[PDB]
């Protein structure tokens, strides 16, 4: 069970979630349970409709800019699964046992879509229900998720499970290992022993400057702390490395379109 962190958000008619410079700290997937939603991806400048069988995948270490809008009147529950790095790395012996195909894939897609059948959605639902009803062996989930990811990578002809030595993974592991450190460019270069010229590409490829990058990682770090049931916003701001509650709230509102305490309540309730 520890391999997954899950949440279910309610969404009334024609209301919209809006995410800007949302940093994806760990592999995430989401789907709606009924009705129709509109997804506008500002990174790919595309909009499209999703239904109860559309699974949307967000790649680890991407910077997401999209909105999700309900086009139903009946309320909609959005389920989100965050997959722990421990579990992702246990899959490697399944995805990369098929590596000669995988070298020919590209690395441009951060938000992937899968139209699946009922069984796939029954499995992910039970994941979202904390396996209260059906329990699943570690081998079943490893086979299921590795097979799921390789189907989606095949569809887009692009790698989804990145590898450890990717520059942006090194930057982001480093920042997350010491969230309250006063990070500057010079620290990244010195820890990774890598020229600014080369590391720079990972931030411009994602449309961020250094400050918005650090801020996005800290917002996700703070969202992770809110999910643990820690409830004090003032503590969460300082624990996530911000210098004031005001600055944390301003960045949070800019990223999530909701105030930190509004989000903290969407979790515990």
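Positions refer to the first chain, counted from 1.
When the mean C-alpha temperature factors of 87-95 and 130-138 are read from the deposited coordinates, 130-138 comes out higher.
The PDB entry reports B-factors from which the mean C-alpha value can be compared for 67-75 and 188-196; the larger average falls on 67-75.
Of all the options 221, 27, 231, 242, the entry's greatest CA B-factor is assigned to 231. Each of 116, 111, 173, 123 has a CA temperature factor in the record; the biggest one is found at 116. Ranked within its chain, residue 107 lands in the highest third, by CA B factor from the PDB record. Among the modelled residues of its chain, residue 251 has a C-alpha B-factor that falls in the lowest third, as given in the PDB entry. When the CA B factors of the chain's modelled residues are split into thirds, the value for residue 18 lands in the lowest one.
The deposited CA B-factor of residue 157 belongs to the middle third of values across its chain. Per the deposited record, the Cα B-factor of residue 169 falls in the lowest third when ranked against the other modelled residues of its chain.
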